[PDB]
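Trainee: Chains from the complex, first installment, not repositioned:
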Amino acid sequence: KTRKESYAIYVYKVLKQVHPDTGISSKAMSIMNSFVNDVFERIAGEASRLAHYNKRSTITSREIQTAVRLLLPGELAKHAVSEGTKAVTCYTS
Amino acid sequence: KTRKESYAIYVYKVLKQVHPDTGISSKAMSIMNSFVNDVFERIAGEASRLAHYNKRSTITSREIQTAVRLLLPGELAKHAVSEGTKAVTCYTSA
Amino acid sequence: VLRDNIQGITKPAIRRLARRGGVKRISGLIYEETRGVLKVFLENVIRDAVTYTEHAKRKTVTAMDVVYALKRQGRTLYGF
Amino acid sequence: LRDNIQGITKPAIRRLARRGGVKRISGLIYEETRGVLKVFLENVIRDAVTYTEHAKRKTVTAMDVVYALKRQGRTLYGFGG
């Protein structure tokens, strides 16, 4: 019929790690999808502006780090930047 | 030295046709310049967002009109869209 | 056409809204005031909704148009 | 540089409040106001310093403050915006 992509299955895979026996309904999955979209758009927009300021064109893993430091609040920023640098380290090898 | 740009001379050419005898200061010129930049960014960003929802791949003279009609308040919108369409007509037929 | 449909927002409805918000004793003149406020809010949102619809050459106000109209005002909405 | 917030003295707060339009100040405002101003300044200089150390330099420019302001909803015209 009509193909529309969403973050439902990944949200489900994460739920099955944080709580191995609970299950999201349909409305709550729609809400989590909208939340992921919103946060993605915030971080991407801030990284774009932050690259435009220093007169560059590559949006590399430094701009995303600085944008996470700007957007996310005090504590979430630390754990988010930690998870990010850990993942890029475990990916570049 | 490296040459940076602004809207100084154009704001001045407009001042010298709205008030043919007044003259702008320096800080007021920088304020008008940053105002023009800010409104430029607002309008172009909304126009982009609008030319994205519709899956178009271009930002045409109608995305700009709808952006101007969303951002600008009640009556500024009508005069702004009139000046815009007049300029675009006078430009295309030349 | 329709007319004077704002009166459908009854007194018990506003009362229940206030009770959810935490109120305990509502005055008498409130109902008209909140009717006016709600009408203003709805006008401001539906204006942008209809603009977003017109731009796409459609005649049905989608749900994403209402979501975008709300987001453009700093009031996002999760679930549509 | 320790305990400089006392530099926002009482007459300065009086003048700000006069320009604000108030007529009869209380006596306790002059500490709530310093607290508010310190919170605002921290919230702005944090993003200013982030913007200035992302660009690999050690000088807080005026564009950095303009950006850190515009990002919180409060733009500012006149300083190269």
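Mentor: Sure, I can see it. Numbering: from 1, shown residues only, chains lettered A, B, ... in the order given.
Trainee: Check the offset of the one helix or strand residue C:38 maps to from the chain's centre.
Mentor: Assigning secondary structure by DSSP states H and E places residue C:38 in helix C:30-55. Distance of helix C:30-55 from the chain centroid (Cα atoms, centre = their mean, to the nearest Å) equals 5 Å.
Trainee: Just after that helix, pick out the following helix or strand.
Mentor: As assigned by DSSP H and E, the chain's next helix or strand after helix C:30-55 is helix C:63-71.
Trainee: picking that back up, remind me what the helix holding residue C:38 packs against, helices and strands.
Mentor: Using 3 or more Cβ pairs under 8 Å, 6 or more residues apart in numbering or on different chains; DSSP states H and E, the elements in contact with helix C:30-55 are helix B:27-53, helix B:63-71, helix C:11-21, helix C:63-71. No exception for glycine: its C-beta is placed from N, CA and C like everyone else's.
Trainee: ok, now which ones touch the residue of chain A found nearest chain D?
Mentor: For chain A and chain D, the shortest gap (Cβ to the nearest Cβ) falls at residue A:66, measuring 4.4 Å. Neighbouring residues of residue A:66 by Cβ atoms under 8 Å, 6 or more residues apart in numbering or on different chains: A:47, A:50, D:50, D:54.
Trainee: didn't the first one look like it was pressed against residue A:63?
Mentor: Going back to what we said before, that points to residue A:47. Yes: using Cβ atoms under 8 Å, residue A:47 is in contact with residue A:63, at 4.1 Å.
Trainee: Quick check: residues of chain A near chain C?
Mentor: By Cβ under 8 Å from any Cβ of the partner chain, the part of chain A that sits against chain C consists of A:27, A:30, A:31, A:34, A:35, A:38.
Trainee: Show me which pair in the residues you listed is furthest apart.
Mentor: A:27 and A:38 (16.5 Å; Cβ to Cβ).
Trainee: Between the two, which is the more surrounded one?
Mentor: Between residue A:27 and residue A:38, counted using other Cβ atoms under 10 Å in any protein chain shown, residue A:38 has the larger neighbour count: 13 against 10.
Trainee: Now the closest residue to chain B within chain C. Nearest residue, chain neighbours left out?
Mentor: Distances between chain C and chain B by Cβ to the nearest Cβ are smallest at residue C:55, namely 4.7 Å. Distances taken as Cβ to Cβ, 6 or more residues apart in numbering or on different chains put residue B:66 closest to residue C:55, at 4.7 Å, once the chain neighbours are dropped.
Trainee: Just the buried residues of stretch A:57-67, please?
Mentor: Across stretch A:57-67, burial judged by 16 or more other Cβ atoms under 10 Å in any protein chain shown covers A:63, A:64, A:65, A:66, A:67.
Trainee: Here is chain E, add it in:
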Amino acid sequence: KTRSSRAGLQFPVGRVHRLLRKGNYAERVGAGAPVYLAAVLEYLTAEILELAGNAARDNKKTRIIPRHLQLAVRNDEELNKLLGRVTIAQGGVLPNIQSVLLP
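Mentor: So that you can see how it sits with the rest, here is chain E on the chains above:
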């Protein structure tokens, strides 16, 4: 070997790279930007789903409904700032009564 598994993630690094490229953000998307961004998004959705499940458990249910996401977010102190302006649908209000009102 998908590029997400190579990082030890659950979010689609490929799809995030595609979105960053095709969203008109910058001229040339880097290499380790989608990995970082997918990791951040995964961390955030885990941090919110954990409290959502907790809230749904205390209410003796096994399904997470918007009431539980509302509770999880608004009860936290740093997610309530991130989602400071959103209005989760079917969410309701956090129960609270001003002390002056109750007898």
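Trainee: once more on the buried residues of stretch A:57-67, this time with chain E?
Mentor: A:59, A:60, A:61, A:62, A:63, A:64, A:65, A:66, A:67.
Trainee: The helix holding residue C:38 to helix C:63-71, inter-axis angle?
Mentor: Between the axes of helix C:30-55 and helix C:63-71, defined by axes from the mean of the first three to the mean of the last three Cα atoms, to 10 degrees, the angle is 120 degrees.
Trainee: so helix C:30-55 versus helix C:11-21, what angle?
Mentor: Going by the same axes, to 10 degrees, helix C:30-55 makes 90 degrees with helix C:11-21.
Trainee: Residue of chain C nearest chain D, please.
Mentor: residue C:74 (9.0 Å).
Trainee: show me the contacts for that residue.
Mentor: Applying Cβ under 8 Å, 6+ apart, the residues near residue C:74 are residue E:85.
Trainee: and the helix holding residue C:38, which residues are buried?
Mentor: Buried residues in helix C:30-55, counted by 16+ other Cβ under 10 Å: C:31, C:45, C:48, C:49, C:51, C:52, C:53, C:55.
Trainee: quick one: it to helix B:27-53, angle?
Mentor: Going by the same axes, to 10 degrees, helix C:30-55 makes 70 degrees with helix B:27-53.
Trainee: anything in helix C:30-55 near chain E?
Mentor: No: Helix C:30-55 stays clear of chain E (Cβ under 8 Å from any Cβ), getting no nearer than 12.6 Å.
Trainee: Apart from its neighbours in sequence, what residue is nearest residue E:27?
Mentor: residue A:57 (3.8 Å).
Trainee: okay but that neighbour is in contact with residue E:25, surely?
Mentor: No: contact criterion Cβ under 8 Å: residue A:57 and residue E:25 do not qualify, at 10.6 Å.
Trainee: Give me the number of neighbouring residues for the residue in chain C positioned nearest to chain A.
Mentor: Chain C approaches chain A most closely through residue C:78 (4.4 Å), counting by Cβ to the nearest Cβ. By other Cβ under 10 Å, 25 other residues sit near residue C:78.
Trainee: now swap in residue E:15 and tell me
Mentor: When neighbours are defined as other Cβ under 10 Å, residue E:15 has 15 of them.
Trainee: quick one: buried residues of stretch E:26-37?
Mentor: E:26, E:29, E:30, E:32, E:33, E:34, E:35, E:36, E:37.
Trainee: Residue E:25 and residue A:44 touch, don't they?
Mentor: Yes: the pair residue E:25 / residue A:44 is scored as a contact, 5.3 Å apart, by Cβ under 8 Å.
Trainee: tell me the secondary structure for residue E:26?
Mentor: On the three-state scheme (DSSP: H, G, I helix; E, B strand; the rest coil), residue E:26 is labelled coil.
Trainee: need the contact list for it.
Mentor: Contacts for residue E:26 (Cβ under 8 Å, 6+ apart) come out as A:47, A:48, A:51, A:52, A:56, A:57, A:58, A:59.
Trainee: put chain F onto that model:
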Amino acid sequence: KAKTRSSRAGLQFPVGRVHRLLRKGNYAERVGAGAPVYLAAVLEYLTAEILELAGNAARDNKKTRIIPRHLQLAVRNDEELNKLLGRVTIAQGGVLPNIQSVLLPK
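Mentor: Now chain F, sitting on the chains shown earlier:
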């Protein structure tokens, strides 16, 4: 001979400049050929509409140089230019004279 693109439309603001900014600002993959003209028309309309009130203020104040205070007056005294600039702060613009009525003596 050449003929500036912003002179074929009766505008003062540059159209080639606005077009280059739209192109190299990463707003979309393609820019219509009449979008910069429309946008430059709107920009010069707004700047003329504010400079006119600024000059009116600077004249009704017996000066002959527009100065930040005059722009602050021209904006905050209007009603629609006030919503377009409800969040901005105009450096060195002061504030608008206003005193509540409960405070004025009786």
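Trainee: Same as before for the contacts of residue C:74, with chain F this time.
Mentor: residue E:85.
Trainee: Give me the residue at the spatial middle of chain A.
Mentor: residue A:40 (5.4 Å; Cα atoms, centre = their mean).
Trainee: err, chain E, not the other one
Mentor: residue E:45 (3.7 Å).
Trainee: Within the helices and strands, which one has it?
Mentor: According to DSSP H and E, residue E:45 maps onto helix E:33-58.
Trainee: Does the next helix or strand after that helix reach chain A?
Mentor: Counting by DSSP H and E, the element after helix E:33-58 in chain order, helix or strand, is strand E:63-64. Yes: remark: strand E:63-64 sits within contact range of chain A at E:63, E:64, by Cβ under 8 Å from any Cβ.
Trainee: Just give me how far strand E:63-64 sits from the chain centre.
Mentor: With Cα atoms, centre = their mean, you get 15 Å for strand E:63-64.
Trainee: For that strand, which outside residues touch it?
Mentor: A:15, A:22, A:23, A:24, A:25, A:28, E:49, E:52, E:53, E:56.
Trainee: so which of those residues is the most crowded?
Mentor: residue E:52 (29 neighbours).
Trainee: Show the contacting residues for the closest residue in space to it that isn't next to it in sequence.
Mentor: Counting by Cβ to Cβ, 6+ apart, residue E:72 is the residue found nearest to residue E:52 once chain neighbours are left out, at 4.4 Å. Neighbouring residues of residue E:72 by Cβ under 8 Å, 6+ apart: E:48, E:51, E:52, E:54, E:55, E:79.
Trainee: which of the residues you listed has the most neighbours?
Mentor: residue E:52 (29 neighbours).
Trainee: The helix holding residue E:45 - contacts with which helices or strands?
Mentor: helix A:8-18, helix A:26-53, helix A:61-71, helix A:74-91, helix E:13-22, strand E:63-64, helix E:66-75, helix E:79-82.
Trainee: residues touching the nearest residue to residue E:34 once chain neighbours are set aside, list them.
Mentor: Nearest non-adjacent residue to residue E:34, counting by Cβ to Cβ, 6+ apart: residue E:17, 3.8 Å away. Taking Cβ under 8 Å, 6+ apart, we find residue E:17 in contact with E:3, E:29, E:33, E:34.
Trainee: Spit out the contact partners of whichever residue of chain E sits closest to chain C.
Mentor: Going by Cβ to the nearest Cβ, chain C is nearest to residue E:89 of chain E, at 3.5 Å. If you count contacts by Cβ under 8 Å, 6+ apart, residue E:89 has them with A:27, A:31, C:77, C:78, C:79, C:80, E:66.
Trainee: if you set the cut-off to 10 Å instead, what comes out?
Mentor: By Cβ atoms under 10 Å, 6 or more residues apart in numbering or on different chains, the contact set of residue E:89 is A:27, A:30, A:31, A:34, C:77, C:78, C:79, C:80, E:66, E:69, E:70.
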